[PDB]
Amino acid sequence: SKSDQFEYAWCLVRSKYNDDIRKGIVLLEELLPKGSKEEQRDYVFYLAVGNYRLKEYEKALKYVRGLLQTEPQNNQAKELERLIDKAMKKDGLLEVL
């Protein structure tokens, strides 16, 4: 079912290993067209999470900015954007340090 596939992908994105994170991202992109309104919004949040944990901050930011245009009152999405911003800001500083 779709709920079990999501839970599997969710756990992959929270895994301690980067192979799993990348797999979970792939599975999440597969689930996305088959999803209801609410499901897709969930998938997108964890796609931004997974990309953030992989240091793919520009992709993470792309997803979270869309989520915020769809659900502007989503405080969890606001927090994740804040974190992505902080990470990219510091990465830029370190690049020329």
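Numbers follow the displayed sequence, beginning with 1.
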Legend entry - Mean C-alpha B-factor comparison - 1-9 and 86-94, higher one: 1-9
Legend entry - Residue stretch of maximal mean CA temperature factor, 14-22 vs 73-81: 14-22
Legend entry - Identity of residue with top Cα B-factor, from 61, 31, 47, 67: 31
Legend entry - residue 37 by Cα B-factor - lowest, middle or highest third of the modelled chain: highest
